[PDB]
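Have a look at structure12.pdb; it's PDB, N, CA, C and O atoms:
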MODEL        1
ATOM      1  N   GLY A 796      93.417  99.594 126.631
ATOM      2  CA  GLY A 796      94.510 100.134 127.467
ATOM      3  C   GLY A 796      95.709  99.234 127.458
ATOM      4  O   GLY A 796      96.826  99.655 127.726
ATOM      5  N   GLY A 797      95.508  97.979 127.115
ATOM      6  CA  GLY A 797      96.642  97.169 126.981
ATOM      7  C   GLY A 797      97.228  97.645 125.671
ATOM      8  O   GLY A 797      97.761  98.761 125.503
ATOM      9  N   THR A 798      97.011  96.822 124.704
ATOM     10  CA  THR A 798      97.894  96.714 123.577
ATOM     11  C   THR A 798      97.693  97.861 122.638
ATOM     12  O   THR A 798      96.549  98.284 122.379
ATOM     13  N   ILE A 799      98.806  98.346 122.099
ATOM     14  CA  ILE A 799      98.887  99.493 121.228
ATOM     15  C   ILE A 799      99.698  99.128 120.004
ATOM     16  O   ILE A 799     100.751  98.585 120.094
ATOM     17  N   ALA A 800      99.207  99.489 118.846
ATOM     18  CA  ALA A 800      99.959  99.524 117.586
ATOM     19  C   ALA A 800     100.559 100.908 117.421
ATOM     20  O   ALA A 800      99.921 101.902 117.766
ATOM     21  N   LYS A 801     101.762 100.944 116.861
ATOM     22  CA  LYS A 801     102.433 102.205 116.503
ATOM     23  C   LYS A 801     103.080 102.048 115.159
ATOM     24  O   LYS A 801     103.685 101.027 114.914
ATOM     25  N   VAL A 802     102.917 103.055 114.338
ATOM     26  CA  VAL A 802     103.459 103.069 112.987
ATOM     27  C   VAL A 802     104.456 104.176 112.839
ATOM     28  O   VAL A 802     104.143 105.348 113.082
ATOM     29  N   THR A 803     105.685 103.812 112.429
ATOM     30  CA  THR A 803     106.776 104.745 112.150
ATOM     31  C   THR A 803     107.089 104.696 110.664
ATOM     32  O   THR A 803     107.312 103.634 110.106
ATOM     33  N   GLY A 804     107.105 105.850 110.006
ATOM     34  CA  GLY A 804     107.393 105.952 108.586
ATOM     35  C   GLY A 804     107.460 107.406 108.203
ATOM     36  O   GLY A 804     107.346 108.293 109.054
ATOM     37  N   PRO A 805     107.629 107.673 106.916
ATOM     38  CA  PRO A 805     107.688 109.038 106.398
ATOM     39  C   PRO A 805     106.303 109.555 106.033
ATOM     40  O   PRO A 805     105.483 108.805 105.552
ATOM     41  N   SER A 806     106.051 110.852 106.236
ATOM     42  CA  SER A 806     104.761 111.397 105.890
ATOM     43  C   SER A 806     104.557 111.588 104.398
ATOM     44  O   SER A 806     103.431 111.851 103.975
ATOM     45  N   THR A 807     105.615 111.509 103.611
ATOM     46  CA  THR A 807     105.540 111.643 102.169
ATOM     47  C   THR A 807     106.421 110.609 101.504
ATOM     48  O   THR A 807     107.336 110.084 102.094
ATOM     49  N   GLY A 808     106.165 110.368 100.225
ATOM     50  CA  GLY A 808     107.016 109.537  99.384
ATOM     51  C   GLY A 808     106.679 109.741  97.938
ATOM     52  O   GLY A 808     105.840 110.567  97.601
ATOM     53  N   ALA A 809     107.299 108.948  97.085
ATOM     54  CA  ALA A 809     107.187 109.110  95.639
ATOM     55  C   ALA A 809     106.737 107.802  94.994
ATOM     56  O   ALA A 809     107.097 106.737  95.463
ATOM     57  N   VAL A 810     106.024 107.923  93.889
ATOM     58  CA  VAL A 810     105.522 106.771  93.190
ATOM     59  C   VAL A 810     106.676 105.862  92.804
ATOM     60  O   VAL A 810     107.670 106.308  92.273
ATOM     61  N   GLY A 811     106.502 104.572  93.030
ATOM     62  CA  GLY A 811     107.452 103.577  92.596
ATOM     63  C   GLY A 811     108.569 103.304  93.540
ATOM     64  O   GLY A 811     109.245 102.287  93.405
ATOM     65  N   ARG A 812     108.718 104.128  94.593
ATOM     66  CA  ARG A 812     109.821 103.976  95.543
ATOM     67  C   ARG A 812     109.392 103.074  96.717
ATOM     68  O   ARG A 812     108.262 103.142  97.202
ATOM     69  N   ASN A 813     110.309 102.221  97.157
ATOM     70  CA  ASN A 813     110.043 101.360  98.300
ATOM     71  C   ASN A 813     110.073 102.208  99.553
ATOM     72  O   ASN A 813     111.036 102.956  99.810
ATOM     73  N   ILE A 814     108.977 102.163 100.291
ATOM     74  CA  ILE A 814     108.850 102.904 101.550
ATOM     75  C   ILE A 814     108.850 101.921 102.690
ATOM     76  O   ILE A 814     108.126 100.923 102.676
ATOM     77  N   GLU A 815     109.715 102.183 103.679
ATOM     78  CA  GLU A 815     109.842 101.381 104.850
ATOM     79  C   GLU A 815     108.909 101.862 105.956
ATOM     80  O   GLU A 815     108.942 103.049 106.335
ATOM     81  N   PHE A 816     108.094 100.974 106.457
ATOM     82  CA  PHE A 816     107.235 101.202 107.619
ATOM     83  C   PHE A 816     107.641 100.245 108.720
ATOM     84  O   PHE A 816     107.989  99.098 108.485
ATOM     85  N   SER A 817     107.566 100.699 109.948
ATOM     86  CA  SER A 817     107.867  99.893 111.107
ATOM     87  C   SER A 817     106.795  99.951 112.154
ATOM     88  O   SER A 817     106.263 100.997 112.472
ATOM     89  N   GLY A 818     106.589  98.795 112.776
ATOM     90  CA  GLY A 818     105.715  98.675 113.934
ATOM     91  C   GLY A 818     106.465  98.544 115.217
ATOM     92  O   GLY A 818     105.900  98.172 116.254
ATOM     93  N   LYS A 819     107.784  98.768 115.181
ATOM     94  CA  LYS A 819     108.684  98.465 116.288
ATOM     95  C   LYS A 819     108.267  99.076 117.573
ATOM     96  O   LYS A 819     108.609  98.523 118.649
ATOM     97  N   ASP A 820     107.614 100.227 117.547
ATOM     98  CA  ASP A 820     107.234 100.816 118.843
ATOM     99  C   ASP A 820     105.842 100.418 119.414
ATOM    100  O   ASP A 820     105.392 100.920 120.449
ATOM    101  N   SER A 821     105.226  99.421 118.793
ATOM    102  CA  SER A 821     103.992  98.780 119.270
ATOM    103  C   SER A 821     104.246  98.038 120.564
ATOM    104  O   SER A 821     105.361  97.551 120.817
ATOM    105  N   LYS A 822     103.237  97.890 121.412
ATOM    106  CA  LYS A 822     103.459  97.363 122.774
ATOM    107  C   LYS A 822     102.233  96.656 123.293
ATOM    108  O   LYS A 822     101.144  97.123 123.113
ATOM    109  N   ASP A 823     102.460  95.553 123.995
ATOM    110  CA  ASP A 823     101.489  94.975 124.932
ATOM    111  C   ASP A 823     102.020  95.359 126.327
ATOM    112  O   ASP A 823     103.163  95.062 126.668
ATOM    113  N   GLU A 824     101.207  96.052 127.114
ATOM    114  CA  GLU A 824     101.566  96.429 128.479
ATOM    115  C   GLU A 824     101.770  95.270 129.410
ATOM    116  O   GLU A 824     102.288  95.458 130.489
ATOM    117  N   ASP A 825     101.342  94.073 129.012
ATOM    118  CA  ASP A 825     101.436  92.928 129.882
ATOM    119  C   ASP A 825     101.495  91.687 129.025
ATOM    120  O   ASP A 825     100.635  90.799 129.111
ATOM    121  N   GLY A 826     102.586  91.592 128.263
ATOM    122  CA  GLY A 826     102.855  90.441 127.385
ATOM    123  C   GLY A 826     103.565  90.911 126.143
ATOM    124  O   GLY A 826     104.204  91.947 126.168
ATOM    125  N   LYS A 827     103.483  90.106 125.078
ATOM    126  CA  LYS A 827     104.238  90.337 123.845
ATOM    127  C   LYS A 827     103.320  90.409 122.632
ATOM    128  O   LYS A 827     102.280  89.725 122.566
ATOM    129  N   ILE A 828     103.718  91.222 121.659
ATOM    130  CA  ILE A 828     103.063  91.234 120.365
ATOM    131  C   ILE A 828     103.617  90.108 119.488
ATOM    132  O   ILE A 828     104.826  90.014 119.269
ATOM    133  N   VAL A 829     102.720  89.297 118.941
ATOM    134  CA  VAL A 829     103.107  88.134 118.145
ATOM    135  C   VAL A 829     102.958  88.301 116.635
ATOM    136  O   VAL A 829     103.486  87.482 115.884
ATOM    137  N   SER A 830     102.238  89.304 116.164
ATOM    138  CA  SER A 830     102.114  89.524 114.737
ATOM    139  C   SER A 830     101.769  90.957 114.416
ATOM    140  O   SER A 830     101.201  91.704 115.246
ATOM    141  N   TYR A 831     102.146  91.312 113.198
ATOM    142  CA  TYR A 831     102.011  92.654 112.625
ATOM    143  C   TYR A 831     101.386  92.509 111.234
ATOM    144  O   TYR A 831     102.004  91.901 110.350
ATOM    145  N   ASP A 832     100.162  92.983 111.071
ATOM    146  CA  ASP A 832      99.422  92.957 109.785
ATOM    147  C   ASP A 832      99.273  94.343 109.250
ATOM    148  O   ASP A 832      98.565  95.146 109.851
ATOM    149  N   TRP A 833      99.839  94.563 108.074
ATOM    150  CA  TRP A 833      99.788  95.853 107.418
ATOM    151  C   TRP A 833      98.772  95.904 106.289
ATOM    152  O   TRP A 833      98.626  94.931 105.539
ATOM    153  N   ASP A 834      98.116  97.047 106.142
ATOM    154  CA  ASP A 834      97.305  97.363 104.976
ATOM    155  C   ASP A 834      97.775  98.716 104.502
ATOM    156  O   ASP A 834      97.722  99.696 105.261
ATOM    157  N   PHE A 835      98.301  98.780 103.287
ATOM    158  CA  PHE A 835      98.917 100.002 102.826
ATOM    159  C   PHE A 835      97.966 101.038 102.253
ATOM    160  O   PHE A 835      98.406 102.137 101.866
ATOM    161  N   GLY A 836      96.666 100.742 102.162
ATOM    162  CA  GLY A 836      95.684 101.711 101.741
ATOM    163  C   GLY A 836      95.399 101.743 100.255
ATOM    164  O   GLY A 836      94.542 102.493  99.837
ATOM    165  N   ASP A 837      96.078 100.880  99.496
ATOM    166  CA  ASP A 837      95.906 100.728  98.052
ATOM    167  C   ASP A 837      95.534  99.281  97.728
ATOM    168  O   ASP A 837      95.734  98.819  96.614
ATOM    169  N   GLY A 838      95.037  98.546  98.723
ATOM    170  CA  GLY A 838      94.679  97.140  98.541
ATOM    171  C   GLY A 838      95.791  96.184  98.913
ATOM    172  O   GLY A 838      95.538  94.999  99.135
ATOM    173  N   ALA A 839      97.033  96.666  99.014
ATOM    174  CA  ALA A 839      98.148  95.791  99.309
ATOM    175  C   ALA A 839      98.251  95.577 100.813
ATOM    176  O   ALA A 839      97.989  96.464 101.636
ATOM    177  N   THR A 840      98.754  94.408 101.190
ATOM    178  CA  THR A 840      98.980  94.039 102.589
ATOM    179  C   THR A 840     100.359  93.428 102.751
ATOM    180  O   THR A 840     101.011  93.043 101.767
ATOM    181  N   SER A 841     100.783  93.268 103.998
ATOM    182  CA  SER A 841     102.035  92.560 104.311
ATOM    183  C   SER A 841     102.008  92.134 105.754
ATOM    184  O   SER A 841     101.167  92.613 106.539
ATOM    185  N   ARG A 842     102.951  91.279 106.117
ATOM    186  CA  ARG A 842     103.149  90.875 107.514
ATOM    187  C   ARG A 842     104.577  91.130 107.923
ATOM    188  O   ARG A 842     105.474  91.066 107.101
ATOM    189  N   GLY A 843     104.770  91.418 109.194
ATOM    190  CA  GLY A 843     106.102  91.554 109.761
ATOM    191  C   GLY A 843     106.344  92.959 110.315
ATOM    192  O   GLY A 843     105.906  93.953 109.735
ATOM    193  N   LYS A 844     107.040  93.026 111.441
ATOM    194  CA  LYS A 844     107.272  94.305 112.130
ATOM    195  C   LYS A 844     107.806  95.389 111.219
ATOM    196  O   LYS A 844     107.379  96.530 111.319
ATOM    197  N   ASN A 845     108.777  95.051 110.395
ATOM    198  CA  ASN A 845     109.332  95.990 109.455
ATOM    199  C   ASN A 845     108.947  95.550 108.058
ATOM    200  O   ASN A 845     109.419  94.482 107.586
ATOM    201  N   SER A 846     108.065  96.306 107.437
ATOM    202  CA  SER A 846     107.538  95.976 106.120
ATOM    203  C   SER A 846     107.793  97.106 105.138
ATOM    204  O   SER A 846     108.084  98.225 105.530
ATOM    205  N   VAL A 847     107.705  96.777 103.868
ATOM    206  CA  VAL A 847     108.063  97.657 102.775
ATOM    207  C   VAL A 847     106.936  97.687 101.732
ATOM    208  O   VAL A 847     106.379  96.642 101.439
ATOM    209  N   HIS A 848     106.654  98.819 101.135
ATOM    210  CA  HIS A 848     105.664  98.922 100.066
ATOM    211  C   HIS A 848     106.032 100.018  99.125
ATOM    212  O   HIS A 848     106.455 101.095  99.573
ATOM    213  N   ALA A 849     105.829  99.777  97.837
ATOM    214  CA  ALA A 849     105.914 100.812  96.828
ATOM    215  C   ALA A 849     104.537 101.063  96.273
ATOM    216  O   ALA A 849     103.843 100.111  95.903
ATOM    217  N   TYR A 850     104.131 102.325  96.161
ATOM    218  CA  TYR A 850     102.862 102.709  95.574
ATOM    219  C   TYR A 850     103.011 102.946  94.092
ATOM    220  O   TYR A 850     103.990 103.493  93.633
ATOM    221  N   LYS A 851     101.996 102.549  93.343
ATOM    222  CA  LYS A 851     102.076 102.608  91.908
ATOM    223  C   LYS A 851     101.428 103.838  91.318
ATOM    224  O   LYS A 851     101.523 104.045  90.107
ATOM    225  N   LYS A 852     100.760 104.652  92.142
ATOM    226  CA  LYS A 852     100.008 105.802  91.716
ATOM    227  C   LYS A 852     100.102 106.855  92.806
ATOM    228  O   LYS A 852     100.051 106.512  93.973
ATOM    229  N   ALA A 853     100.135 108.121  92.423
ATOM    230  CA  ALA A 853     100.038 109.218  93.371
ATOM    231  C   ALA A 853      98.742 109.135  94.137
ATOM    232  O   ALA A 853      97.700 108.737  93.615
ATOM    233  N   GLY A 854      98.765 109.599  95.384
ATOM    234  CA  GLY A 854      97.559 109.607  96.203
ATOM    235  C   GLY A 854      97.899 109.848  97.638
ATOM    236  O   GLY A 854      99.055 109.909  97.974
ATOM    237  N   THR A 855      96.880 109.915  98.461
ATOM    238  CA  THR A 855      97.077 109.915  99.906
ATOM    239  C   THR A 855      96.544 108.628 100.411
ATOM    240  O   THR A 855      95.412 108.265 100.136
ATOM    241  N   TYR A 856      97.362 107.896 101.124
ATOM    242  CA  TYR A 856      97.044 106.556 101.557
ATOM    243  C   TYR A 856      97.043 106.461 103.048
ATOM    244  O   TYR A 856      97.932 106.980 103.729
ATOM    245  N   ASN A 857      96.059 105.765 103.590
ATOM    246  CA  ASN A 857      95.933 105.495 105.017
ATOM    247  C   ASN A 857      96.468 104.112 105.276
ATOM    248  O   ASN A 857      95.857 103.105 104.887
ATOM    249  N   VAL A 858      97.650 104.030 105.848
ATOM    250  CA  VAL A 858      98.286 102.801 106.209
ATOM    251  C   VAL A 858      97.789 102.361 107.572
ATOM    252  O   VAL A 858      97.807 103.163 108.498
ATOM    253  N   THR A 859      97.373 101.118 107.719
ATOM    254  CA  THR A 859      96.960 100.601 109.004
ATOM    255  C   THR A 859      97.867  99.454 109.386
ATOM    256  O   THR A 859      98.312  98.651 108.542
ATOM    257  N   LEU A 860      98.141  99.373 110.680
ATOM    258  CA  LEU A 860      98.836  98.278 111.309
ATOM    259  C   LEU A 860      97.932  97.678 112.354
ATOM    260  O   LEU A 860      97.465  98.402 113.250
ATOM    261  N   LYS A 861      97.658  96.382 112.260
ATOM    262  CA  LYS A 861      96.940  95.649 113.287
ATOM    263  C   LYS A 861      97.962  94.739 113.934
ATOM    264  O   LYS A 861      98.574  93.872 113.305
ATOM    265  N   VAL A 862      98.106  94.900 115.248
ATOM    266  CA  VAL A 862      98.976  94.012 115.994
ATOM    267  C   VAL A 862      98.098  93.059 116.818
ATOM    268  O   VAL A 862      96.992  93.378 117.214
ATOM    269  N   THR A 863      98.611  91.864 117.013
ATOM    270  CA  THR A 863      97.942  90.853 117.820
ATOM    271  C   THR A 863      98.899  90.475 118.923
ATOM    272  O   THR A 863     100.106  90.300 118.704
ATOM    273  N   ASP A 864      98.373  90.365 120.142
ATOM    274  CA  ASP A 864      99.248  90.005 121.245
ATOM    275  C   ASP A 864      99.120  88.522 121.636
ATOM    276  O   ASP A 864      98.336  87.773 121.037
ATOM    277  N   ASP A 865      99.884  88.117 122.645
ATOM    278  CA  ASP A 865      99.940  86.702 123.000
ATOM    279  C   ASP A 865      98.721  86.242 123.779
ATOM    280  O   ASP A 865      98.672  85.073 124.132
ATOM    281  N   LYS A 866      97.761  87.128 124.035
ATOM    282  CA  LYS A 866      96.421  86.793 124.522
ATOM    283  C   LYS A 866      95.346  86.809 123.449
ATOM    284  O   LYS A 866      94.162  86.594 123.766
ATOM    285  N   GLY A 867      95.737  87.038 122.203
ATOM    286  CA  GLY A 867      94.782  87.160 121.114
ATOM    287  C   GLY A 867      94.030  88.474 121.017
ATOM    288  O   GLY A 867      93.108  88.601 120.195
ATOM    289  N   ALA A 868      94.378  89.465 121.843
ATOM    290  CA  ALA A 868      93.805  90.792 121.702
ATOM    291  C   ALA A 868      94.497  91.475 120.527
ATOM    292  O   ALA A 868      95.678  91.196 120.208
ATOM    293  N   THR A 869      93.762  92.370 119.876
ATOM    294  CA  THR A 869      94.315  93.133 118.791
ATOM    295  C   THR A 869      94.184  94.633 119.040
ATOM    296  O   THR A 869      93.357  95.094 119.833
ATOM    297  N   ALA A 870      95.011  95.387 118.323
ATOM    298  CA  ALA A 870      94.927  96.841 118.321
ATOM    299  C   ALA A 870      95.374  97.303 116.951
ATOM    300  O   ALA A 870      96.218  96.659 116.326
ATOM    301  N   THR A 871      94.742  98.383 116.493
ATOM    302  CA  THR A 871      95.082  98.949 115.212
ATOM    303  C   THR A 871      95.465 100.417 115.324
ATOM    304  O   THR A 871      94.991 101.125 116.212
ATOM    305  N   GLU A 872      96.364 100.871 114.477
ATOM    306  CA  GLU A 872      96.690 102.284 114.377
ATOM    307  C   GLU A 872      96.880 102.635 112.919
ATOM    308  O   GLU A 872      97.204 101.767 112.101
ATOM    309  N   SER A 873      96.701 103.918 112.600
ATOM    310  CA  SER A 873      96.722 104.453 111.261
ATOM    311  C   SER A 873      97.894 105.427 111.092
ATOM    312  O   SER A 873      98.355 106.040 112.056
ATOM    313  N   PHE A 874      98.312 105.580 109.839
ATOM    314  CA  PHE A 874      99.402 106.472 109.463
ATOM    315  C   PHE A 874      99.100 106.965 108.063
ATOM    316  O   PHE A 874      98.932 106.154 107.171
ATOM    317  N   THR A 875      99.043 108.265 107.851
ATOM    318  CA  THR A 875      98.755 108.795 106.536
ATOM    319  C   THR A 875      99.994 109.215 105.788
ATOM    320  O   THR A 875     100.868 109.869 106.331
ATOM    321  N   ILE A 876     100.095 108.750 104.534
ATOM    322  CA  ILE A 876     101.266 109.084 103.698
ATOM    323  C   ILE A 876     100.786 109.696 102.403
ATOM    324  O   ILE A 876      99.814 109.188 101.771
ATOM    325  N   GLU A 877     101.393 110.811 102.008
ATOM    326  CA  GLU A 877     101.102 111.451 100.734
ATOM    327  C   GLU A 877     102.180 111.079  99.719
ATOM    328  O   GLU A 877     103.349 111.355  99.918
ATOM    329  N   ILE A 878     101.762 110.403  98.665
ATOM    330  CA  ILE A 878     102.636 109.912  97.601
ATOM    331  C   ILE A 878     102.481 110.782  96.370
ATOM    332  O   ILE A 878     101.374 110.948  95.858
ATOM    333  N   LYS A 879     103.577 111.393  95.956
ATOM    334  CA  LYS A 879     103.535 112.252  94.775
ATOM    335  C   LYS A 879     104.084 111.492  93.564
ATOM    336  O   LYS A 879     104.828 110.553  93.689
ATOM    337  N   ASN A 880     103.764 111.981  92.380
ATOM    338  CA  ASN A 880     104.302 111.409  91.165
ATOM    339  C   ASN A 880     105.757 111.618  91.141
ATOM    340  O   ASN A 880     106.257 112.599  91.712
TER     341      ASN A 880
ENDMDL
END

The structure in this file should be written as structure tokens.
Amino acid sequence: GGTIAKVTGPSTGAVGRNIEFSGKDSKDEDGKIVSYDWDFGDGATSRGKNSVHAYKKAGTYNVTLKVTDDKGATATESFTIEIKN
């Protein structure tokens, strides 16, 4: 009930194009979020509230964001993106 991850991005994209994802709307109800860990669903990862990824192959990818708060609690949320050739 405290901390929530939120993922903002496009539901579709194209192979080879840089796609911007944001965690900006993530929240700790009683403190601050200190880190943003992304997994783009193709083995790639990144850190930072606003992160970027290009997919190398068509597919449907489940992007996850794990946020950590200033109490060390974590929360994860998912976002599905369909990448066409």

Check your understanding: Which residues come within 4.5 Å of residue 850 (chain A), counting only N, CA, C and O atoms, excluding same-chain residues fewer than 6 positions away, as a PyMOL selection string?
Key -> chain A and resi 810-812

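In this comparison, which uses all atoms listed in the file, the residue of A:800, A:829, A:839, A:814 approaching residue 873 (chain A) most closely is A:800.
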
Check your understanding: From the list A:817, A:840, A:807, A:863, which residue is nearest residue 879 (chain A) when using only N, CA, C and O atoms?
Key ->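 Closest residue, counting only N, CA, C and O atoms: A:807.
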
Show me as a PDB file with N, CA, C and O atoms, keeping the file's coordinate frame the residues that reach within 7 Å of (108.2, 105.6, 103.6), counting only N, CA, C and O atoms and using the file's own coordinates.
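Now in part-v7.pdb:
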ATOM      1  N   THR A 803     105.685 103.812 112.429  1.00  0.00           N
ATOM      2  CA  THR A 803     106.776 104.745 112.150  1.00  0.00           C
ATOM      3  C   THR A 803     107.089 104.696 110.664  1.00  0.00           C
ATOM      4  O   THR A 803     107.312 103.634 110.106  1.00  0.00           O
ATOM      5  N   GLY A 804     107.105 105.850 110.006  1.00  0.00           N
ATOM      6  CA  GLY A 804     107.393 105.952 108.586  1.00  0.00           C
ATOM      7  C   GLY A 804     107.460 107.406 108.203  1.00  0.00           C
ATOM      8  O   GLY A 804     107.346 108.293 109.054  1.00  0.00           O
ATOM      9  N   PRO A 805     107.629 107.673 106.916  1.00  0.00           N
ATOM     10  CA  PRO A 805     107.688 109.038 106.398  1.00  0.00           C
ATOM     11  C   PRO A 805     106.303 109.555 106.033  1.00  0.00           C
ATOM     12  O   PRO A 805     105.483 108.805 105.552  1.00  0.00           O
ATOM     13  N   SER A 806     106.051 110.852 106.236  1.00  0.00           N
ATOM     14  CA  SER A 806     104.761 111.397 105.890  1.00  0.00           C
ATOM     15  C   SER A 806     104.557 111.588 104.398  1.00  0.00           C
ATOM     16  O   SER A 806     103.431 111.851 103.975  1.00  0.00           O
ATOM     17  N   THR A 807     105.615 111.509 103.611  1.00  0.00           N
ATOM     18  CA  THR A 807     105.540 111.643 102.169  1.00  0.00           C
ATOM     19  C   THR A 807     106.421 110.609 101.504  1.00  0.00           C
ATOM     20  O   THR A 807     107.336 110.084 102.094  1.00  0.00           O
ATOM     21  N   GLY A 808     106.165 110.368 100.225  1.00  0.00           N
ATOM     22  CA  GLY A 808     107.016 109.537  99.384  1.00  0.00           C
ATOM     23  C   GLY A 808     106.679 109.741  97.938  1.00  0.00           C
ATOM     24  O   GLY A 808     105.840 110.567  97.601  1.00  0.00           O
ATOM     25  N   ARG A 812     108.718 104.128  94.593  1.00  0.00           N
ATOM     26  CA  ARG A 812     109.821 103.976  95.543  1.00  0.00           C
ATOM     27  C   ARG A 812     109.392 103.074  96.717  1.00  0.00           C
ATOM     28  O   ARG A 812     108.262 103.142  97.202  1.00  0.00           O
ATOM     29  N   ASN A 813     110.309 102.221  97.157  1.00  0.00           N
ATOM     30  CA  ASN A 813     110.043 101.360  98.300  1.00  0.00           C
ATOM     31  C   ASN A 813     110.073 102.208  99.553  1.00  0.00           C
ATOM     32  O   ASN A 813     111.036 102.956  99.810  1.00  0.00           O
ATOM     33  N   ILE A 814     108.977 102.163 100.291  1.00  0.00           N
ATOM     34  CA  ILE A 814     108.850 102.904 101.550  1.00  0.00           C
ATOM     35  C   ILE A 814     108.850 101.921 102.690  1.00  0.00           C
ATOM     36  O   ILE A 814     108.126 100.923 102.676  1.00  0.00           O
ATOM     37  N   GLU A 815     109.715 102.183 103.679  1.00  0.00           N
ATOM     38  CA  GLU A 815     109.842 101.381 104.850  1.00  0.00           C
ATOM     39  C   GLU A 815     108.909 101.862 105.956  1.00  0.00           C
ATOM     40  O   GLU A 815     108.942 103.049 106.335  1.00  0.00           O
ATOM     41  N   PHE A 816     108.094 100.974 106.457  1.00  0.00           N
ATOM     42  CA  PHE A 816     107.235 101.202 107.619  1.00  0.00           C
ATOM     43  C   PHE A 816     107.641 100.245 108.720  1.00  0.00           C
ATOM     44  O   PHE A 816     107.989  99.098 108.485  1.00  0.00           O
ATOM     45  N   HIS A 848     106.654  98.819 101.135  1.00  0.00           N
ATOM     46  CA  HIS A 848     105.664  98.922 100.066  1.00  0.00           C
ATOM     47  C   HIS A 848     106.032 100.018  99.125  1.00  0.00           C
ATOM     48  O   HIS A 848     106.455 101.095  99.573  1.00  0.00           O
TER      49      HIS A 848
END

Check your understanding: For residue 880 (chain A), which residue among A:846, A:868, A:835, A:809 is the nearest when counting all atoms listed in the file?
Key -> A:809

Check your understanding: Around (99.5, 109.0, 103.3) in the file's own coordinates, what residues are found within 8 Å if you use only C-alpha atoms, given back as a ChimeraX atom specification?
Key -> /A:806-807,854-858,874-878

With N, CA, C and O atoms retained, write the just-selected residues as a CSV table (one decimal), in the coordinates of the input.
chain,number,residue,atom,x,y,z
A,806,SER,N,106.1,110.9,106.2
A,806,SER,CA,104.8,111.4,105.9
A,806,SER,C,104.6,111.6,104.4
A,806,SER,O,103.4,111.9,104.0
A,807,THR,N,105.6,111.5,103.6
A,807,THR,CA,105.5,111.6,102.2
A,807,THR,C,106.4,110.6,101.5
A,807,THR,O,107.3,110.1,102.1
A,854,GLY,N,98.8,109.6,95.4
A,854,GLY,CA,97.6,109.6,96.2
A,854,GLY,C,97.9,109.8,97.6
A,854,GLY,O,99.1,109.9,98.0
A,855,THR,N,96.9,109.9,98.5
A,855,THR,CA,97.1,109.9,99.9
A,855,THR,C,96.5,108.6,100.4
A,855,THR,O,95.4,108.3,100.1
A,856,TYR,N,97.4,107.9,101.1
A,856,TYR,CA,97.0,106.6,101.6
A,856,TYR,C,97.0,106.5,103.0
A,856,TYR,O,97.9,107.0,103.7
A,857,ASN,N,96.1,105.8,103.6
A,857,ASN,CA,95.9,105.5,105.0
A,857,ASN,C,96.5,104.1,105.3
A,857,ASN,O,95.9,103.1,104.9
A,858,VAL,N,97.6,104.0,105.8
A,858,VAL,CA,98.3,102.8,106.2
A,858,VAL,C,97.8,102.4,107.6
A,858,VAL,O,97.8,103.2,108.5
A,874,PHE,N,98.3,105.6,109.8
A,874,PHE,CA,99.4,106.5,109.5
A,874,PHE,C,99.1,107.0,108.1
A,874,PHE,O,98.9,106.2,107.2
A,875,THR,N,99.0,108.3,107.9
A,875,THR,CA,98.8,108.8,106.5
A,875,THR,C,100.0,109.2,105.8
A,875,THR,O,100.9,109.9,106.3
A,876,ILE,N,100.1,108.8,104.5
A,876,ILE,CA,101.3,109.1,103.7
A,876,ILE,C,100.8,109.7,102.4
A,876,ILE,O,99.8,109.2,101.8
A,877,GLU,N,101.4,110.8,102.0
A,877,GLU,CA,101.1,111.5,100.7
A,877,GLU,C,102.2,111.1,99.7
A,877,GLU,O,103.3,111.4,99.9
A,878,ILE,N,101.8,110.4,98.7
A,878,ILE,CA,102.6,109.9,97.6
A,878,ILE,C,102.5,110.8,96.4
A,878,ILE,O,101.4,110.9,95.9
